[PDB]
Structure formats: structure tokens, C-alpha cells
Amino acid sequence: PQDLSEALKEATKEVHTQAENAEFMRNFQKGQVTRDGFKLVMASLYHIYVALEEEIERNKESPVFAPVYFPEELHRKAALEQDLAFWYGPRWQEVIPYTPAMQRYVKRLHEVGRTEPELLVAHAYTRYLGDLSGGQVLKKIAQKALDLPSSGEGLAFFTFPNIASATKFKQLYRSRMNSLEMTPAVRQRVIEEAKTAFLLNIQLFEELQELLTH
């Protein structure tokens, strides 16, 4: 529809369905993730969020992004650093995997942030609004699958401490997406970039599934 938030949701419905059908996601939802698989996911998220959040910081003052700049509410890099120190130990930064599908996603994030920051909102939407949607249900499926020690670390990623109500925040973020001023041409490019963002996630999950069969 007219609102960017509605147009994004409509335009990405098909690719979101593709994501729901992905082998890795079917497995994840059914509690079939192993510690190895979960670690790969966390490492992937770290690389992705490092790049996204670097680009957000670069562009935070620009009219094409400032309205959707919510650093305290949304930032995930620090939580992922905490979790990776648990999952991979003190040398995590040296030992975490960085695979081609992770690299392709990072590469696109930097291209967008450096050369077409007007499309960064498509990437922030796809990452943050999705990741905020797996409330306690996704954390618990993982928690049951992983059988973690009682050491109070490893799942920080699944809690956004600065957002009390996901619905409340999501409605605000949608409004801010809708506040963005763009030409019809740019709006179309933003929609296409959200599809690209979903496709980069789908390709990532396909690669991770392939790595886990070896």
C-alpha cells in the first residue's frame, strides 16, 4: 500500500514464505539445531550486524536514515560479542568462521551504506523487525535444543533489554519508515533491496545447512 511499512510487508511476503520453507529454518523451528549449527548462526549474525551497525553509524545523521535511527533500542553487536565469547571462548574473534555466504551479505551491506544509504532502511527492516519477532518462543526452542549450563551467558542476542513491548516498538519503527521522504524511483529501489536482503538470508541458511551435512 501507500505506507512504506505496508509496501515492504506486502512485497516481501513471497520471499518470507521461501524463508519459512528453508531446510535450516524447518529444522530450527522443530528444535533440530545442534550446538554446532547454533554457533554457525550466531557467528553469521555477528558478521552481519557488525557491518549493518557500522553502516548505520556512518549514516545516522542523513535524512535518508536518521528517522529510523534507534541505537539504544535495537543494537545487537554487543549482545553477540557477549554470546560469542561464551560459545567460542576467549579467542572467539580469531576462531569464528567467516564463510562466502556471510561475506556476500557483509559485502552488500557495505555497498549500500557507502554508495546508496537511502536503501539501508531495507536492511535494517529485514534484520531488526524480523529478529524482534521471535519473542520467547524462538529463544525457548533453542534453549531446549542446546541444553546449556547454568552460567548466565550465551543467549543475550534473544533479549532486547531496551524494548519492553515489541508491538509498541514495531509500530513506532513502522511509523518512522513511513516518515522517510523519497522519490517514487527510490521507493521502488528500497522495496527491491528488501527482497535482496531476504534472498541473502535464504542463501546464507542454504550454505549453513550444507556445511552441517559435512
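The term rigid core refers to the most C-alpha atoms you can superpose between the two forms while keeping them within 1.5 Å. Throughout, we count residues from 1 along the sequence that is shown.
Enquirer: Looking at C-alpha RMS in 6 other deposited structures of this protein with the core superposed, is it 57-65 or 144-152 that drifts more?
Expert: Evaluated in 6 other deposited structures of this protein, the stretch farther from the shown form is 144-152.
Enquirer: With the rigid core as the fit anchor, does 130-138 or 107-115 show bigger C-alpha shifts in 6 other deposited structures of this protein?
Expert: Higher average C-alpha offset in 6 other deposited structures of this protein goes to 130-138.
Enquirer: So 139-147 or 85-93, which one's hotter by mean CA B-factor in the entry?
Expert: Taking the mean C-alpha B-factor of 139-147 and of 85-93, the larger value falls to 139-147.
Enquirer: Taking the mean of the C-alpha B-factors per stretch from the entry, tell me the winner out of 183-191 and 156-164.
Expert: Higher mean C-alpha B-factor: 183-191.
Enquirer: Per the coordinate record, which of the options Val68, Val33, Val41, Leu172 holds the highest CA temperature factor?
Expert: It is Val33.
Enquirer: Select lowest, middle or highest to describe the third in which the CA B-factor of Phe205 falls within its chain in this entry.
Expert: Its C-alpha B-factor, which the entry lists for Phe205, ranks in the middle third among residues of this chain.
Enquirer: Looking at the entry's B-factor column for C-alpha atoms only, identify whether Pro117 ranks in the lowest, middle or highest third of its chain.
Expert: Middle third by C-alpha B-factor.
Enquirer: Taking the chain's C-alpha temperature factors as the reference, tell me which third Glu55 falls into: lowest, middle or highest.
Expert: Lowest third - that is where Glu55 ends up once the chain's C-alpha B-factors are sorted.
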